[PDB]
Amino acid sequence: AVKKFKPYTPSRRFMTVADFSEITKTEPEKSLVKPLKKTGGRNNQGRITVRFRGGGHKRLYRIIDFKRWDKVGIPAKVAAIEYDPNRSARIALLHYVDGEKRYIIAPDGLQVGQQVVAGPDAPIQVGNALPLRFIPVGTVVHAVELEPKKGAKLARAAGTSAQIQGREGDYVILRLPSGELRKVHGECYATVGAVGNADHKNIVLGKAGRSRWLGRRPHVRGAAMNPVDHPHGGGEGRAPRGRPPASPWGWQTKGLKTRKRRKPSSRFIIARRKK
Amino acid sequence: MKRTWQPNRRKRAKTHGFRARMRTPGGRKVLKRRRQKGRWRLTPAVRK
RNA sequence: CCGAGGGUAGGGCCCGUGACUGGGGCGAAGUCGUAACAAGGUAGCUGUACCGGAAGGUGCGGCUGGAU
RNA sequence: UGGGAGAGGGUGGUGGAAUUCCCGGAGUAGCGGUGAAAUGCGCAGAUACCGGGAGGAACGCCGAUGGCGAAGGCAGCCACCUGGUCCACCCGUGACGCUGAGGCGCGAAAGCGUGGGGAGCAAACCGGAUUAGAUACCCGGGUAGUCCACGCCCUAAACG
RNA sequence: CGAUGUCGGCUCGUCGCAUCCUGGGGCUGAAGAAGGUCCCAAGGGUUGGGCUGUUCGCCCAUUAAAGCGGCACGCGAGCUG
RNA sequence: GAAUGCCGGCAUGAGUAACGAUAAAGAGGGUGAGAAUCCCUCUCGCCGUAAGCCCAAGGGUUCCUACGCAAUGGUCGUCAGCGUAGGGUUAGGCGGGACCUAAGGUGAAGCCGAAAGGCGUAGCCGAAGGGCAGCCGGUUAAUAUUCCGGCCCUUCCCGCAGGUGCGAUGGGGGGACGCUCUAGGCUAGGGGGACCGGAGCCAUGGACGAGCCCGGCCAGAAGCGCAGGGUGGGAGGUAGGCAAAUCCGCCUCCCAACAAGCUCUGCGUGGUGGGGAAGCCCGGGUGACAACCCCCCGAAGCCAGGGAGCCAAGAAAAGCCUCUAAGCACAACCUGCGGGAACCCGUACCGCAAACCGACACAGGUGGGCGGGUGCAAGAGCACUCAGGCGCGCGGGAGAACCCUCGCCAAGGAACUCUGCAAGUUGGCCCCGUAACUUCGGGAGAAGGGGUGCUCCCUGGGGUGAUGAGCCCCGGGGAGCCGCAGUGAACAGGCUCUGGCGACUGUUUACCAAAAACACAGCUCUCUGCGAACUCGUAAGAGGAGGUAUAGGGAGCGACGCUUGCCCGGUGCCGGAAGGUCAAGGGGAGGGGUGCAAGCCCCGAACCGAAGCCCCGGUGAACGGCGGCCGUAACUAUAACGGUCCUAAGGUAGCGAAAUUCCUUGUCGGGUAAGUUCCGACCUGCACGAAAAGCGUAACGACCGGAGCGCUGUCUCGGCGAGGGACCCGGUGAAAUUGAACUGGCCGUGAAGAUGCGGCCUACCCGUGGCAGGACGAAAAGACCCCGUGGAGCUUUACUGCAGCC
RNA sequence: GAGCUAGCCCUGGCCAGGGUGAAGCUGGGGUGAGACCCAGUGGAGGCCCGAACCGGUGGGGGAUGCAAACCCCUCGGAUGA
Ligand SMILES: [K+]
Ligand SMILES: [Mg+2]
Ligand SMILES: [Mg+2]
Ligand SMILES: [Mg+2]
Ligand SMILES: [Mg+2]
Ligand SMILES: [Mg+2]
Ligand SMILES: [Mg+2]
Ligand SMILES: [Mg+2]
Ligand SMILES: [Mg+2]
Ligand SMILES: [Mg+2]
Ligand SMILES: [Mg+2]
Ligand SMILES: [Mg+2]
Ligand SMILES: [Mg+2]
Ligand SMILES: [Mg+2]
Ligand SMILES: [Mg+2]
Ligand SMILES: [Mg+2]
Ligand SMILES: [Mg+2]
Ligand SMILES: [Mg+2]
Ligand SMILES: [Mg+2]
Ligand SMILES: [Mg+2]
Ligand SMILES: [Mg+2]
Ligand SMILES: [Mg+2]
Ligand SMILES: [Mg+2]
Ligand SMILES: [Mg+2]
Ligand SMILES: [Mg+2]
Ligand SMILES: [Mg+2]
Ligand SMILES: [Mg+2]
Ligand SMILES: [Mg+2]
Ligand SMILES: [Mg+2]
Ligand SMILES: [Mg+2]
Ligand SMILES: [Mg+2]
Ligand SMILES: [Mg+2]
Ligand SMILES: [Mg+2]
Ligand SMILES: [Mg+2]
Ligand SMILES: [Mg+2]
Ligand SMILES: [Mg+2]
Ligand SMILES: [Mg+2]
Ligand SMILES: [Mg+2]
Ligand SMILES: [Mg+2]
Ligand SMILES: [Mg+2]
Ligand SMILES: [Mg+2]
Ligand SMILES: [Mg+2]
Ligand SMILES: [Mg+2]
Ligand SMILES: [Mg+2]
Ligand SMILES: [Mg+2]
Ligand SMILES: [Mg+2]
Ligand SMILES: [Mg+2]
Ligand SMILES: [Mg+2]
Ligand SMILES: [Mg+2]
Ligand SMILES: [Mg+2]
Ligand SMILES: [Mg+2]
Ligand SMILES: [Mg+2]
Ligand SMILES: [Mg+2]
Ligand SMILES: [Mg+2]
Ligand SMILES: [Mg+2]
Ligand SMILES: [Mg+2]
Ligand SMILES: [Mg+2]
Ligand SMILES: [Mg+2]
Ligand SMILES: [Mg+2]
Ligand SMILES: [Mg+2]
Ligand SMILES: [Mg+2]
Ligand SMILES: [Mg+2]
Ligand SMILES: [Mg+2]
Ligand SMILES: [Mg+2]
Ligand SMILES: [Mg+2]
Ligand SMILES: [Mg+2]
Ligand SMILES: [Mg+2]
Ligand SMILES: [Mg+2]
Ligand SMILES: [Mg+2]
Ligand SMILES: [Mg+2]
Ligand SMILES: [Mg+2]
Ligand SMILES: [Mg+2]
Ligand SMILES: [Mg+2]
Ligand SMILES: [Mg+2]
Ligand SMILES: [Mg+2]
Ligand SMILES: [Mg+2]
Ligand SMILES: [Mg+2]
Ligand SMILES: [Mg+2]
Ligand SMILES: [Mg+2]
Ligand SMILES: [Mg+2]
Ligand SMILES: [Mg+2]
Ligand SMILES: [Mg+2]
Ligand SMILES: [Mg+2]
Ligand SMILES: [Mg+2]
Ligand SMILES: [Mg+2]
Ligand SMILES: [Mg+2]
Ligand SMILES: [Mg+2]
Ligand SMILES: [Mg+2]
Ligand SMILES: [Mg+2]
Ligand SMILES: [Mg+2]
Ligand SMILES: [Mg+2]
Ligand SMILES: [Mg+2]
Ligand SMILES: [Mg+2]
Ligand SMILES: [Mg+2]
Ligand SMILES: [Mg+2]
Ligand SMILES: [Mg+2]
Ligand SMILES: [Mg+2]
Ligand SMILES: [Mg+2]
Ligand SMILES: [Mg+2]
Ligand SMILES: [Mg+2]
Ligand SMILES: [Mg+2]
Ligand SMILES: [Mg+2]
Ligand SMILES: [Mg+2]
Ligand SMILES: [Mg+2]
Ligand SMILES: [Mg+2]
Ligand SMILES: [Mg+2]
Ligand SMILES: [Mg+2]
Ligand SMILES: [Mg+2]
Ligand SMILES: [Mg+2]
Ligand SMILES: [Mg+2]
Ligand SMILES: [Mg+2]
Ligand SMILES: [Mg+2]
Ligand SMILES: [Mg+2]
Ligand SMILES: [Mg+2]
Ligand SMILES: [Mg+2]
Ligand SMILES: [Mg+2]
Ligand SMILES: [Mg+2]
Ligand SMILES: [Mg+2]
Ligand SMILES: [Mg+2]
Ligand SMILES: [Mg+2]
Ligand SMILES: [Mg+2]
Ligand SMILES: [Mg+2]
Ligand SMILES: [Mg+2]
Ligand SMILES: [Mg+2]
Ligand SMILES: [Mg+2]
Ligand SMILES: [Mg+2]
Ligand SMILES: [Mg+2]
Ligand SMILES: [Mg+2]
Ligand SMILES: [Mg+2]
Ligand SMILES: [Mg+2]
Ligand SMILES: [Mg+2]
Ligand SMILES: [Mg+2]
Ligand SMILES: [Mg+2]
Ligand SMILES: [Mg+2]
Ligand SMILES: [Mg+2]
Ligand SMILES: [Mg+2]
Ligand SMILES: [Mg+2]
Ligand SMILES: [Mg+2]
Ligand SMILES: [Mg+2]
Ligand SMILES: [Mg+2]
Ligand SMILES: [Mg+2]
Ligand SMILES: [Mg+2]
Ligand SMILES: [Mg+2]
Ligand SMILES: [Mg+2]
Ligand SMILES: [Mg+2]
Ligand SMILES: [Mg+2]
Ligand SMILES: [Mg+2]
Ligand SMILES: [Mg+2]
Ligand SMILES: [Mg+2]
Ligand SMILES: [Mg+2]
Ligand SMILES: [Mg+2]
Ligand SMILES: [Mg+2]
Ligand SMILES: [Mg+2]
Ligand SMILES: [Mg+2]
Ligand SMILES: [Mg+2]
Ligand SMILES: [Mg+2]
Ligand SMILES: [Mg+2]
Ligand SMILES: [Mg+2]
Ligand SMILES: [Mg+2]
Ligand SMILES: [Mg+2]
Ligand SMILES: [Mg+2]
Ligand SMILES: [Mg+2]
Ligand SMILES: [Mg+2]
Ligand SMILES: [Mg+2]
Ligand SMILES: [Mg+2]
Ligand SMILES: [Mg+2]
Ligand SMILES: [Mg+2]
Ligand SMILES: [Mg+2]
Ligand SMILES: [Mg+2]
Ligand SMILES: [Mg+2]
Ligand SMILES: [Mg+2]
Ligand SMILES: [Mg+2]
Ligand SMILES: [Mg+2]
Ligand SMILES: [Mg+2]
Ligand SMILES: [Mg+2]
Ligand SMILES: [Mg+2]
Ligand SMILES: [Mg+2]
Ligand SMILES: [Mg+2]
Ligand SMILES: [Mg+2]
Ligand SMILES: [Mg+2]
Ligand SMILES: [Mg+2]
Ligand SMILES: [Mg+2]
Ligand SMILES: [Mg+2]
Ligand SMILES: [Mg+2]
Ligand SMILES: [Mg+2]
Ligand SMILES: [Mg+2]
Ligand SMILES: [Mg+2]
Ligand SMILES: [Mg+2]
Ligand SMILES: [Mg+2]
Ligand SMILES: [Mg+2]
Ligand SMILES: [Mg+2]
Ligand SMILES: [Mg+2]
Ligand SMILES: [Mg+2]
Ligand SMILES: [Mg+2]
Ligand SMILES: [Mg+2]
Ligand SMILES: [Mg+2]
Ligand SMILES: [Mg+2]
Ligand SMILES: [Mg+2]
Ligand SMILES: [Mg+2]
Ligand SMILES: [Mg+2]
Ligand SMILES: [Mg+2]
Ligand SMILES: [Mg+2]
Ligand SMILES: [Mg+2]
Ligand SMILES: [Mg+2]
Ligand SMILES: [Mg+2]
Ligand SMILES: [Mg+2]
Ligand SMILES: [Mg+2]
Ligand SMILES: [Mg+2]
Ligand SMILES: [Mg+2]
Ligand SMILES: [Mg+2]
Ligand SMILES: [Mg+2]
Ligand SMILES: [Mg+2]
Ligand SMILES: [Mg+2]
Ligand SMILES: [Mg+2]
Ligand SMILES: [Mg+2]
Ligand SMILES: [Mg+2]
Ligand SMILES: [Mg+2]
Ligand SMILES: [Mg+2]
Ligand SMILES: [Mg+2]
Ligand SMILES: [Mg+2]
Ligand SMILES: [Mg+2]
Ligand SMILES: [Mg+2]
Ligand SMILES: [Mg+2]
Ligand SMILES: [Mg+2]
Ligand SMILES: [Mg+2]
Ligand SMILES: [Mg+2]
Ligand SMILES: [Mg+2]
Ligand SMILES: [Mg+2]
Ligand SMILES: [Mg+2]
Ligand SMILES: [Mg+2]
Ligand SMILES: [Mg+2]
Ligand SMILES: [Mg+2]
Ligand SMILES: [Mg+2]
Ligand SMILES: [Mg+2]
Ligand SMILES: [Mg+2]
Ligand SMILES: [Mg+2]
Ligand SMILES: [Mg+2]
Ligand SMILES: [Mg+2]
Ligand SMILES: [Mg+2]
Ligand SMILES: [Mg+2]
Ligand SMILES: [Mg+2]
Ligand SMILES: [Mg+2]
Ligand SMILES: [Mg+2]
Ligand SMILES: [Mg+2]
Ligand SMILES: [Mg+2]
Ligand SMILES: [Mg+2]
Ligand SMILES: [Mg+2]
Ligand SMILES: [Mg+2]
Ligand SMILES: [Mg+2]
Ligand SMILES: [Mg+2]
Ligand SMILES: [Mg+2]
Ligand SMILES: [Mg+2]
Ligand SMILES: [Mg+2]
Ligand SMILES: [Mg+2]
Ligand SMILES: [Mg+2]
Ligand SMILES: [Mg+2]
Ligand SMILES: [Mg+2]
Ligand SMILES: [Mg+2]
Ligand SMILES: [Mg+2]
Ligand SMILES: [Mg+2]
Ligand SMILES: [Mg+2]
Ligand SMILES: [Mg+2]
Ligand SMILES: [Mg+2]
Ligand SMILES: [Mg+2]
Ligand SMILES: [Mg+2]
């Protein structure tokens, strides 16, 4: 439940923050953090390759377990739910009976004190991870591997989920977060439940400083530039596009499909996305 | 006001020094040419 | 000291008035159409919403104060 | 105290019919629509038929001149939670009652905010007809909305 | 065009007269007073404000009068901008 | 002889501008050939969150001393950061290295690239970050945490003793972390004392005093005291920490839990070693057996890895502790003590500046620490002052114009002007009080006002302390005193109403624009299923992202409110397994060259044959576009209504003479004596209009309009005064410019604006201070304009290519 | 050539003093329970005033300068993009 503020500065009038109420531990597990190398959007040439990045708060990376099939049948206790600044979802700290400690992303409804488990025989419970073939059709599910043993790839952001819709040979049909209908192999693991912190989307950054705290530097409209800079640059006074709206690099940006045509995975996408 | 020359001994040796020149085709030509020209110093002096 | 009152400043209430503007009432024989009264020729009325020169029309839900 | 009837309310779940769309099959010259038509759809293979699937909304028969609620209103089925109510017995308290300016709560539809949902229907809007006109009636489309949650709105031929 | 800085304002003047006022006149459809019209006359004088960058113009309040032009549309090695 | 030619020399301007902050000088005495300028003394002024002191960077002998004055020094010079010479920088503990890792760089493995080379895991490099053992004083002309003294300490090597399963680049713990706020206890620092020590002093009317003036400490090992940080103990199980593991992790049980214990810092004390003022006398000697005590204020520093809250969620690696593996347990490690060993580089001096960056001894620029006192509500503000450092390397006069900075001004008060530009006004604190409107925060310091010094009396609370005295902090009342005036000096908003634009704080044309421009939360469209899209790269490889549709890219719009209409014919994009065209290729009807012929060779029709295009549809917060003429109502006028032509469709709501209105100063209303501006209206909108968004909107703005109050030298209309210059004298001494000049006025003439020609007029020779009309004055081979088959940036349905994509 | 300048990465440092007084917390009231109101506590914020520090609004000076962008007065930000 996003927390509002009283309008005692111009920016606090609309600013909302997360409530953080699901959080029970407030400093990470030392043995699971490592430094996140901030890039500024610069590749190994020093060149900006993603404009307007840099200058956000320092973060340590929490190592997350996106496999979960390294420890089939070994149950864990959910020890804490922690803030993770490297993702929208909250993370859940797991204590295995091994003694081994691991982070998964916190599904919605997961409660501190409960047990989760992974494997072909796991109960169908929020927190548990199975290969797709063993999860009953209809199940809402997240952190879905896209190819067997390659790691959880789909439905990881706050609030997202995939639904199992049917089966077909070695593959199951998923409705992905985007609406796309896609075959995913049955041996691919998924975790029962939707990703938590679904109120994330309703946060109102409130002021430009907040974007700056996240490493987002101001975005400059091509219409604010000169012709040397942008297709939309120039013109005395303000100016409409005066050509099909285009990117800095010339390509059209209203409707132009950009998925490579002859992509081998097209054989597996049933229906392109919705809405 | 703030002028353009802001001396810095480490910056001077690391940018124009002998070892920066030898690590690069262009810099080794800079050394080749200043030798042929008979320069008394091949490289800027910095006291280290 | 208080003190009629005078002066500086700021409020509140009422009355008059104002380019222009809003609809309202009324006015023997103007223009447009025909919404209602008969099943009034699409039963009417209705609260709301949207639209239209105008009456009105349409959607939703309601009423019979509707006919056959 | 013992019993009862009930679409009374809230939450969770869940069933079959039908529509639409999608996929496969089979098939070909029209389908659709009206007062009649036209627009529209269809040889790029529509309609009609079979199979598979997705999804939303409403629950046929029972069903009634029926039932429940203070009203607005409430109808597939299951469970949970919860209200009102009637009857019996004549057991308990001993007038503890009636109404009720204010206050407070509830309040059909439509509408509004933030999300979600969107099959069918359908303001607006587009087109085809009709007509002197037709910003209508009829026809083909079609967006809000209609549905969910939370928060507002507080209206009514909210009527007996 | 190997540069003659370009509007207006300010300052500072100076000149012409086709004279706005003051002086001298003739004619008058000049009773008087006030005017009209032309002639002579450049000695001096020719206001303060509102609007607009404005020149100009209109307006307000005066005045004997609120004149028109030249001087690189006088004057930026004088100022403004 | 010319090339705004080249190099050099020397002129002119000219004894002219200037001599570099307006913090400021005067005298006496020295020295010396020579003195405003060097030295000494006394007087005066300036800085004092520095204009003082200590670091770092940079500089590189400039440091100290003797001897010098040609040049350098904006004058002088005997002086100097100058010339010559000699001397000067001393570390196991400070800084860096023989330690660690950060970005990044490099790079065995490996990958890619015509060559050069580009990547790249580990590893290595890499510091102002981690880690690590020295404090106080003395001494030199010049170094000192370095030499000396006193007291402390670290590592390594060897030994002795005691102890133990010893052993690692491997496992684990720890190191190890943000912002804001902040408790307790200290210290640094500072105030006061009638207490202790001190050379002295009594002035000029008074004071021999509880008088004046001066000082009253610093370091310190073990121990102890105080304040804090860190940390549970035991046992059993064990599959995890890429071998092992008694470690750590996880489960269970028992004892302890604001604690205690153990441990580590800080502070106090502490054997001991130091220091020690004014004044007097000549850096030193005295003072001095110096004293070295008490009270108060008190950090932003310390205890610290403290506490709380919050969201944007806050390095790593070594040292260190523990665990074990090879091994080895005659070793080895831990502990205590002893002896020995302990290397390299820096160390001078300037360091907000005359030694650094600015060509200069240049009003500029330069990171960190200390930065005292009193008063002003506070403070690093402001005034004055301490310690300390300076008077800014030309001076002396004069007291013109004019310029600069400054002060005052009668009456008026914006009449100035494009504009109240500028300058006044206001001004801190306390109290009273405060409107429209609003998003309920605000508007608000609204506005407007009253108070403010000093004395005496009564009196309230708090801190320290003891619950008291004292010290210290926050107040309440009463009675009075003085002046023109009490934030008495310095520092310290003018205010209001009403429009436009942009919500807002931010950002920008370094050096003519700070804005209405950019950004911005937020809204929408669109792409993207992950080896994503997109971006850089030939590639490998990166970024995106160790992210995954509540995510990421691209685009427009720009908080918020109410909204965003109609057109898909053209262009774009999206969809369409049909049809039409369509390249290489497939096919080979049918030819042709040649050869005796088998053959060899060349052409080649139908037909099959992709993307693209055509074609069929969709699509506007895609590119874009959203009509004309004529007629019509019972006064007139005007047309709700009609006719017709055209369109893909004819602009809706809202707004409108506008940041848009040409005619225009439209018209009417308001404000004014007067209003081309302003405000409110009207609507024939030359030429608004709905995310190149439309109409609004509280708050906000060094934005741009209009008005009023207050107040003024802006002005009527100027006067006086101050200082720095200008001016005169001594010293030093430029500059652009310059065909040569013996260089007047008019009226003419002349290539059409003449000192230079003609006629006339006027005019003795040479300067100084001033003014700018001319020398078509200087400057810059006009930026405008044109010309050149000159160039460059940019655009596109110009041409032709290429990357990229199909 | 990024010792100027623009952006980013890593690691450090800096921001006197004063004002305003959000959430929360506690208590009181309120109710069936609530929302809610009130007081105290609290200490939020691209909050307010103002030095350092960062700026460069207006005017004046300067214009062969002290300076190839400076000086004086005035003005913006000053816990944050
Ligand atoms: K031009
Ligand atoms: Mg809020
Ligand atoms: Mg509010
Ligand atoms: Mg949470
Ligand atoms: Mg770690
Ligand atoms: Mg990275
Ligand atoms: Mg790299
Ligand atoms: Mg990019
Ligand atoms: Mg970037
Ligand atoms: Mg999170
Ligand atoms: Mg993310
Ligand atoms: Mg798969
Ligand atoms: Mg969130
Ligand atoms: Mg969102
Ligand atoms: Mg961030
Ligand atoms: Mg953004
Ligand atoms: Mg932008
Ligand atoms: Mg532009
Ligand atoms: Mg531009
Ligand atoms: Mg460029
Ligand atoms: Mg280009
Ligand atoms: Mg371009
Ligand atoms: Mg353009
Ligand atoms: Mg433009
Ligand atoms: Mg334009
Ligand atoms: Mg532009
Ligand atoms: Mg425009
Ligand atoms: Mg265009
Ligand atoms: Mg384009
Ligand atoms: Mg592309
Ligand atoms: Mg898809
Ligand atoms: Mg600079
Ligand atoms: Mg600076
Ligand atoms: Mg530098
Ligand atoms: Mg250096
Ligand atoms: Mg360096
Ligand atoms: Mg450097
Ligand atoms: Mg380099
Ligand atoms: Mg080098
Ligand atoms: Mg080479
Ligand atoms: Mg070579
Ligand atoms: Mg040389
Ligand atoms: Mg040599
Ligand atoms: Mg070199
Ligand atoms: Mg009707
Ligand atoms: Mg009728
Ligand atoms: Mg009818
Ligand atoms: Mg209609
Ligand atoms: Mg057909
Ligand atoms: Mg066919
Ligand atoms: Mg669906
Ligand atoms: Mg009874
Ligand atoms: Mg009884
Ligand atoms: Mg209702
Ligand atoms: Mg039609
Ligand atoms: Mg007809
Ligand atoms: Mg719909
Ligand atoms: Mg009824
Ligand atoms: Mg010319
Ligand atoms: Mg010339
Ligand atoms: Mg010219
Ligand atoms: Mg010239
Ligand atoms: Mg004037
Ligand atoms: Mg006369
Ligand atoms: Mg005259
Ligand atoms: Mg005259
Ligand atoms: Mg005028
Ligand atoms: Mg003119
Ligand atoms: Mg005019
Ligand atoms: Mg004239
Ligand atoms: Mg003339
Ligand atoms: Mg002319
Ligand atoms: Mg003219
Ligand atoms: Mg002129
Ligand atoms: Mg002129
Ligand atoms: Mg000028
Ligand atoms: Mg002029
Ligand atoms: Mg001139
Ligand atoms: Mg001239
Ligand atoms: Mg010649
Ligand atoms: Mg020559
Ligand atoms: Mg030449
Ligand atoms: Mg020459
Ligand atoms: Mg020579
Ligand atoms: Mg020469
Ligand atoms: Mg010479
Ligand atoms: Mg000569
Ligand atoms: Mg001379
Ligand atoms: Mg001389
Ligand atoms: Mg001269
Ligand atoms: Mg000069
Ligand atoms: Mg000078
Ligand atoms: Mg000079
Ligand atoms: Mg000064
Ligand atoms: Mg003097
Ligand atoms: Mg003297
Ligand atoms: Mg001298
Ligand atoms: Mg001398
Ligand atoms: Mg001296
Ligand atoms: Mg004396
Ligand atoms: Mg001081
Ligand atoms: Mg030097
Ligand atoms: Mg000399
Ligand atoms: Mg001499
Ligand atoms: Mg000399
Ligand atoms: Mg000599
Ligand atoms: Mg000299
Ligand atoms: Mg000099
Ligand atoms: Mg001498
Ligand atoms: Mg020399
Ligand atoms: Mg020395
Ligand atoms: Mg030592
Ligand atoms: Mg060292
Ligand atoms: Mg060694
Ligand atoms: Mg290196
Ligand atoms: Mg190193
Ligand atoms: Mg270091
Ligand atoms: Mg020590
Ligand atoms: Mg000596
Ligand atoms: Mg051991
Ligand atoms: Mg840690
Ligand atoms: Mg950490
Ligand atoms: Mg750190
Ligand atoms: Mg915070
Ligand atoms: Mg101490
Ligand atoms: Mg003190
Ligand atoms: Mg084990
Ligand atoms: Mg410590
Ligand atoms: Mg003695
Ligand atoms: Mg501090
Ligand atoms: Mg600490
Ligand atoms: Mg802490
Ligand atoms: Mg590392
Ligand atoms: Mg062994
Ligand atoms: Mg042995
Ligand atoms: Mg041991
Ligand atoms: Mg060595
Ligand atoms: Mg050495
Ligand atoms: Mg030294
Ligand atoms: Mg300075
Ligand atoms: Mg400094
Ligand atoms: Mg110096
Ligand atoms: Mg230079
Ligand atoms: Mg020089
Ligand atoms: Mg000097
Ligand atoms: Mg200097
Ligand atoms: Mg002191
Ligand atoms: Mg104060
Ligand atoms: Mg001086
Ligand atoms: Mg000075
Ligand atoms: Mg004189
Ligand atoms: Mg001055
Ligand atoms: Mg005065
Ligand atoms: Mg006076
Ligand atoms: Mg006056
Ligand atoms: Mg006045
Ligand atoms: Mg007045
Ligand atoms: Mg005015
Ligand atoms: Mg102006
Ligand atoms: Mg003041
Ligand atoms: Mg008011
Ligand atoms: Mg009010
Ligand atoms: Mg107001
Ligand atoms: Mg208002
Ligand atoms: Mg309010
Ligand atoms: Mg006040
Ligand atoms: Mg008083
Ligand atoms: Mg007094
Ligand atoms: Mg008195
Ligand atoms: Mg102020
Ligand atoms: Mg702006
Ligand atoms: Mg703005
Ligand atoms: Mg706007
Ligand atoms: Mg706004
Ligand atoms: Mg905005
Ligand atoms: Mg700010
Ligand atoms: Mg600029
Ligand atoms: Mg510029
Ligand atoms: Mg420029
Ligand atoms: Mg420039
Ligand atoms: Mg400027
Ligand atoms: Mg600004
Ligand atoms: Mg901009
Ligand atoms: Mg904005
Ligand atoms: Mg928006
Ligand atoms: Mg959206
Ligand atoms: Mg590329
Ligand atoms: Mg190549
Ligand atoms: Mg990555
Ligand atoms: Mg996104
Ligand atoms: Mg913008
Ligand atoms: Mg815009
Ligand atoms: Mg179109
Ligand atoms: Mg179309
Ligand atoms: Mg189209
Ligand atoms: Mg167009
Ligand atoms: Mg068009
Ligand atoms: Mg509309
Ligand atoms: Mg208009
Ligand atoms: Mg307008
Ligand atoms: Mg405009
Ligand atoms: Mg217009
Ligand atoms: Mg106009
Ligand atoms: Mg005009
Ligand atoms: Mg007018
Ligand atoms: Mg008027
Ligand atoms: Mg009009
Ligand atoms: Mg228009
Ligand atoms: Mg546009
Ligand atoms: Mg507004
Ligand atoms: Mg509003
Ligand atoms: Mg506003
Ligand atoms: Mg602003
Ligand atoms: Mg502004
Ligand atoms: Mg005014
Ligand atoms: Mg006024
Ligand atoms: Mg004056
Ligand atoms: Mg004077
Ligand atoms: Mg003389
Ligand atoms: Mg001389
Ligand atoms: Mg000289
Ligand atoms: Mg000559
Ligand atoms: Mg001559
Ligand atoms: Mg002459
Ligand atoms: Mg002459
Ligand atoms: Mg001529
Ligand atoms: Mg002439
Ligand atoms: Mg002559
Ligand atoms: Mg002659
Ligand atoms: Mg002649
Ligand atoms: Mg002559
Ligand atoms: Mg002559
Ligand atoms: Mg003459
Ligand atoms: Mg002279
Ligand atoms: Mg002169
Ligand atoms: Mg002249
Ligand atoms: Mg002149
Ligand atoms: Mg002059
Ligand atoms: Mg000439
Ligand atoms: Mg001239
Ligand atoms: Mg001239
Ligand atoms: Mg020039
Ligand atoms: Mg040239
Ligand atoms: Mg030229
Ligand atoms: Mg030129
Ligand atoms: Mg040009
Ligand atoms: Mg031309
Ligand atoms: Mg040509
Ligand atoms: Mg030609
Ligand atoms: Mg050309
Ligand atoms: Mg600050
Ligand atoms: Mg308070
Ligand atoms: Mg709290
Ligand atoms: Mg602030
Ligand atoms: Mg304030
Ligand atoms: Mg300035
Ligand atoms: Mg600056
Ligand atoms: Mg000013
Ligand atoms: Mg000048
Ligand atoms: Mg200049
Ligand atoms: Mg300055
Ligand atoms: Mg100032
Ligand atoms: Mg200020
Ligand atoms: Mg501050
Ligand atoms: Mg401020």
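Every heavy atom of this structure was used, including side-chain atoms; hydrogens, water molecules and symmetry mates were not. Letters A, B, ... mirror the listed sequences (proteins, then strands); counts begin at 1.
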For G/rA23, give the paired nucleotide (Watson-Crick: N1-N3 plus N6-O4 or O6-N4; G-U: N1-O2 and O6-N3; both under 3.5 Å), or none. none
Note: F/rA577 sugar, classed by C1'-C2'-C3'-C4' (positive north, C3'-endo side; negative south, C2'-endo side), is south
Only pairs at least two apart or in different chains count here, so list each ring-ring contact (aromatic ring centres under 6.0 Å, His included) that has a residue in residues 139-173 of chain A. A/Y171-A/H185, A/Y171-A/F268
Syn or anti for F/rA56? Use the chi torsion, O4'-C1'-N9-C4 for purines and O4'-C1'-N1-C2 for pyrimidines, with syn inside 90° of 0. anti
Can you build the contact string for nucleotides 2-15 of chain G? Use B for base contact, S for sugar-phosphate-only contact, and - for no protein heavy atom under 4.0 Å. SBSS-BSSSS----
Minimum-distance nucleotide to A/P85 side chain [options: F/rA519, F/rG314, G/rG46]: F/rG314
Near-parallel close stack of A/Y8 and F/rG441 base (under 5.5 Å, under 30°):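 So A/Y8 does not count as stacking on the base.
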A/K6 meets the side chain to side chain contact (heavy atoms under 4.5 Å, CB included) criterion, sequence neighbours left out, with A/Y8
A/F66 CZ - F/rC530 P separation (whole Å):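 Taking atom P of F/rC530 as the reference, CZ of A/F66 is at 18 Å.
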Counting only Watson-Crick or G-U wobble geometry with both distances under 3.5 Å, does E/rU22 pair with E/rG43? yes
